[PDB]
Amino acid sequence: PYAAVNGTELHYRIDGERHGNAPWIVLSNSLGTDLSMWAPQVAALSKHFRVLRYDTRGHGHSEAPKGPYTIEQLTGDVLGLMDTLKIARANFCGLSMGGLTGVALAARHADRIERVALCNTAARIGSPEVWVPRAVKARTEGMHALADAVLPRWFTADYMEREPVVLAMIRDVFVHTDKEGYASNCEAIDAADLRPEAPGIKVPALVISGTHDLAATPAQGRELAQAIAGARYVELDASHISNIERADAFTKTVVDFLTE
């Protein structure tokens, strides 16, 4: 399944009661992942929602158009996807760059968003010292070279040692991400600072951060939550891909929040 959205082709995947009547949840992935990263949440979510997952532009089985990409393109893909599938309004749960997209969507397109879960993210993620070298390395050396540095930021060393099959699966998706699509998203993320509009988010919002997350910090998640009136901040004992390392605690947090 693929949807032509902005003259760009996105791979997507639906779970839950299709004939049924349940609210939608849209899930939005981290840089260097694909929609498989949400597999631990799919069962619980499916009990309450129709679930829409997709591969972000430049990722997974989606197209990689010419970059640099921008936050507005990443926001527009989600809206266009929902347009295509005739989803008038949905809950939204995004991780890292997925959370950043959630910020833009919630601030600017609340008529399309019911509730927002903003996970392992910040209103402004990283800095040019992170994103510029990362995009050069991606472009000039390929993704295999990048995995060694990036993957340790995603999971604690204990989790990786204990779970070499999960790590190998996640690493395989990262290392096979289109290097240009990857760099072009590095550019979108670096260019995006949504700090000015976080305070304009008026939908119910949950911010999840990982205690051990160095890519988007607990301080950043608290800053994001404090900007949003009524936002709830939850910290998990995890690093950056918290929905995997702490799947049960993540899933329970998000489901409880969304079914309020």
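Residue indices: 1-based, along the sequence shown.
The stretch 107-115 shows the higher mean C-alpha B-factor when 123-131 is compared against 107-115 in the entry. For the pair 216-224 and 40-48, the mean Cα B-factor is higher in 40-48.
Within the listed group 35, 26, 207, 198, the record reports its top CA B-factor for 198. Per the PDB record, 87 has a higher Cα B-factor than any other of 166, 87, 100, 173. Among all modelled residues in its chain, residue 140 ranks in the highest third by Cα B-factor. Sort the modelled residues of the chain by CA B factor and residue 21 lands in the highest third. Among all modelled residues in this chain, the alpha-carbon of residue 190 has a temperature factor (C-alpha) in the middle third. Placement of the Cα temperature factor of residue 83 within the chain: highest third of the modelled residues, per the deposited record. Residue 237 sits in the middle third of its chain by CA B factor, as recorded in the PDB entry.
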